[PDB]
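A short worksheet on the structure shown next.
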Amino acid sequence: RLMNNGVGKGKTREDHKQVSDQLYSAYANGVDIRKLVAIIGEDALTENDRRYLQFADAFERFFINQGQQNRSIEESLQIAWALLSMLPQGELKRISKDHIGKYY
Amino acid sequence: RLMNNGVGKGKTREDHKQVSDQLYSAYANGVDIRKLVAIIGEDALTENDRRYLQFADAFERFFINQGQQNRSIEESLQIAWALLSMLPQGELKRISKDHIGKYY
Amino acid sequence: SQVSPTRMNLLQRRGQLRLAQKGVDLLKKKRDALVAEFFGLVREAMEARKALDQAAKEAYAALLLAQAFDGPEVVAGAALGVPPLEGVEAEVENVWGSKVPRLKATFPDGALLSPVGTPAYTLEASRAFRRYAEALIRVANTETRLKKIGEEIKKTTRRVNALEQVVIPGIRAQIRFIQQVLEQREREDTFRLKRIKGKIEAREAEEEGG
Numbered sequence: 001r002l003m004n005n006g007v008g009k010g011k012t013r014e015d016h017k018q019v020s021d022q023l024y025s026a027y028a029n030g031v032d033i034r035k036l037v038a039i040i041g042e043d044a045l046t047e048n049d050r051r052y053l054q055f056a057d058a059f060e061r062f063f064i065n066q067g068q069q070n071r072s073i074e075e076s077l078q079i080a081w082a083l084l085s086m087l088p089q090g091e092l093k094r095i096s097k098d099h100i101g102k103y104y
Numbered sequence: 001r002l003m004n005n006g007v008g009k010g011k012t013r014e015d016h017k018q019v020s021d022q023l024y025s026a027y028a029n030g031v032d033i034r035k036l037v038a039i040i041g042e043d044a045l046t047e048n049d050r051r052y053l054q055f056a057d058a059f060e061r062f063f064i065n066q067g068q069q070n071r072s073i074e075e076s077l078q079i080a081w082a083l084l085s086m087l088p089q090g091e092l093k094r095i096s097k098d099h100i101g102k103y104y
Numbered sequence: 001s002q003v004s005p006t007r008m009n010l011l012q013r014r015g016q017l018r019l020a021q022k023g024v025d026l027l028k029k030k031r032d033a034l035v036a037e038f039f040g041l042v043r044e045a046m047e048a049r050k051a052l053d054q055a056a057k058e059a060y061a062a063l064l065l066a067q068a069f070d071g072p073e074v075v076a077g078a079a080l081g082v083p084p085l086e087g088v089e090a091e092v093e094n095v096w097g098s099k100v101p102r103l104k105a106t107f108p109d110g111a112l113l114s115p116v117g118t119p120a121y122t123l124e125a126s127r128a129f130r131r132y133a134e135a136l137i138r139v140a141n142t143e144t145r146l147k148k149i150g151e152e153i154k155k156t157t158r159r160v161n162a163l164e165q166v167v168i169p170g171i172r173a174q175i176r177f178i179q180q181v182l183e184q185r186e187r188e189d190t191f192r193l194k195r196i197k198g199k200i201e202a203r204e205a206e207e208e209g210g
């Protein structure tokens, strides 16, 4: 919770901020769906919100799990995009269209 | 703690002693209802439940608040009587049985 | 009697909320969607119905035309080309919002059974009955959805309330009660220890002194 003035631009890469905060709210958002399975499945919902299910799935699999594989920040950034690829823009909206328009 | 020194006529009016418990017992029979309202809907009723309702409704800022109007046992009780007139005055039974006529 | 154990359970009862608090919240607005959504069907339900009720009413009233009097005749004279009554084939719609019966009473209501077109008003009018049957279904089936949609909401809130309005603060006050006693224990210790220090120090005053 201290790294505001840690996150930085072309320095530690500008876009990282909002990208983080994409996946931030997005991850947690998908944990919202997570349970409600016994309710109507999670197949009876609507698609968009369902998409955040897939968000998780890849989040835990790809993004988190990394065995011992020495990752790299840049490789880590890749992930973001990919997972977000499950999603149209219009969900992708911390970020400005240029950046997602650079990472998709 | 004391409520029976200073009491009874020769110290009081007839009704001081009585309309105490009346009111008490009145308000009570309000409150119960108001609990159950959102949690049974408004589908079980009588209109003497609409009445016990209405005493409580009555009882509120109408009675309880009196601002800084310098009161008296009269000034009070008069409108204490008002409340009871909502009700079947026959269903005031913490009084004399003609007290319903010894004030309204 | 039945109160605490007094102890360490604290942590579980701390966890009480974890379970409770977090789950239960969310449950409310889930179904809120569905009830919202219900309304489209309700709106549509009567739409054609009321319209085509009056375009029912045509035929009903055109009974009386040259066959008000032959309503008497007709009620025999046209009546039985088809099972009257039932064919109510009870349907489940199975959802959150459980299962209740709906149905299509899928047997025909018929209208042809007579030749020439016989007395005339009859056939077209009997044809109107279709437009009773069929049409009545919309509402028959949307309102059974209604009853589902009542239940949930109502039931729902009943628990919402409960959680909100007894559960949490009750269990709060438990912890506290516990805590406080546990905590106060510290003192007693100390209280003891104090005296102990007193001892050590008394020893050390009159074994070093004397």
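Residue numbers (this note's numbering), protein chains in the order written: chain A, 1 to 104; chain B, 1 to 104; chain C, 1 to 210. We put the CB at the ideal spot given by N, CA and C, even for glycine.
Which word fits residue i, buried or exposed, when buried means at least 16 other C-beta atoms lie within 10 angstroms of its C-beta?
{"i": "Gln78 of chain B", "result": "exposed"}
{"i": "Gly97 of chain C", "result": "buried"}
{"i": "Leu112 of chain C", "result": "exposed"}
{"i": "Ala28 of chain A", "result": "exposed"}
{"i": "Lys148 of chain C", "result": "buried"}
{"i": "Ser96 of chain B", "result": "exposed"}
{"i": "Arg71 of chain B", "result": "exposed"}
{"i": "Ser126 of chain C", "result": "buried"}
{"i": "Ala135 of chain C", "result": "buried"}
{"i": "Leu92 of chain A", "result": "buried"}
{"i": "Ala58 of chain B", "result": "buried"}
{"i": "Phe191 of chain C", "result": "exposed"}
{"i": "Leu23 of chain A", "result": "buried"}
{"i": "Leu84 of chain B", "result": "buried"}
{"i": "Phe63 of chain A", "result": "buried"}
{"i": "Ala56 of chain A", "result": "buried"}
Roughly how far, in whole angstroms, is the beta-carbon of residue i from the beta-carbon of residue j, given that I think they are within contact range, below 8 Å?
{"i": "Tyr132 of chain C", "j": "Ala56 of chain C", "result": "6 Å"}
{"i": "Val82 of chain C", "j": "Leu103 of chain C", "result": "Contact flag wrong, Cβ pair sits at about 18 Å."}
{"i": "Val37 of chain B", "j": "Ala80 of chain B", "result": "Not confirmed; about 26 Å, so no contact."}
{"i": "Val24 of chain C", "j": "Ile153 of chain C", "result": "Not a contact, Cβ separation roughly 16 Å."}
Using 8 Å as the threshold, is the C-beta distance between residue i and residue j below it?
{"i": "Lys17 of chain B", "j": "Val7 of chain B", "result": "yes"}
{"i": "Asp21 of chain A", "j": "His99 of chain A", "result": "no"}
{"i": "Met86 of chain A", "j": "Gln54 of chain A", "result": "yes"}
{"i": "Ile33 of chain A", "j": "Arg50 of chain A", "result": "yes"}
{"i": "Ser4 of chain C", "j": "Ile178 of chain C", "result": "yes"}
{"i": "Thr122 of chain C", "j": "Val74 of chain C", "result": "yes"}
{"i": "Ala59 of chain C", "j": "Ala128 of chain C", "result": "yes"}
{"i": "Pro101 of chain C", "j": "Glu86 of chain C", "result": "no"}
{"i": "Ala61 of chain C", "j": "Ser114 of chain C", "result": "no"}
{"i": "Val167 of chain C", "j": "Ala20 of chain C", "result": "yes"}
{"i": "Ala82 of chain A", "j": "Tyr52 of chain A", "result": "no"}
{"i": "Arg138 of chain C", "j": "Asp109 of chain C", "result": "no"}
{"i": "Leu80 of chain C", "j": "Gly71 of chain C", "result": "no"}
{"i": "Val95 of chain C", "j": "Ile40 of chain A", "result": "yes"}
In the structure shown, what three-state DSSP assignment does residue i receive?
{"i": "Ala90 of chain C", "result": "strand"}
{"i": "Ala111 of chain C", "result": "coil"}
{"i": "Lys11 of chain A", "result": "coil"}
{"i": "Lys99 of chain C", "result": "coil"}
{"i": "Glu91 of chain A", "result": "coil"}
{"i": "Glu186 of chain C", "result": "helix"}
{"i": "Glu42 of chain A", "result": "strand"}
{"i": "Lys104 of chain C", "result": "strand"}
{"i": "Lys194 of chain C", "result": "helix"}
{"i": "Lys17 of chain B", "result": "helix"}
{"i": "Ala45 of chain C", "result": "helix"}
{"i": "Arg34 of chain A", "result": "coil"}
{"i": "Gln22 of chain A", "result": "helix"}
{"i": "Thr157 of chain C", "result": "helix"}
{"i": "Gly170 of chain C", "result": "helix"}
{"i": "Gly81 of chain C", "result": "coil"}
{"i": "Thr122 of chain C", "result": "helix"}
{"i": "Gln68 of chain A", "result": "coil"}
{"i": "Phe69 of chain C", "result": "coil"}
{"i": "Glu47 of chain B", "result": "coil"}
Using a C-beta to C-beta distance shorter than 8 Å, which residues of chain D count as neighbours of residue i?
{"i": "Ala38 of chain B", "result": "Of the protein chains in this structure, namely A, B and C, none is chain D."}
query = Are three or more beta carbon pairs between the stretch 36 to 50 of chain C and the stretch 142 to 151 of chain C nearer than 8 Å?
reply = Yes, the stretch 36 to 50 of chain C is in contact with the stretch 142 to 151 of chain C.
Problem - Meets three-Cβ-pair contact criterion under 8 Å: the stretch 21 to 32 of chain C and the stretch 156 to 170 of chain C - result: Using a C-beta cut-off of 8 Å, the stretch 21 to 32 of chain C makes contact with the stretch 156 to 170 of chain C, since at least three inter-stretch Cβ pairs fall below that distance.
Touch test, the stretch 3 to 23 of chain C against the stretch 171 to 185 of chain C, Cβ-Cβ under 8 Å, three pairs minimum: Verdict: yes, contact present.
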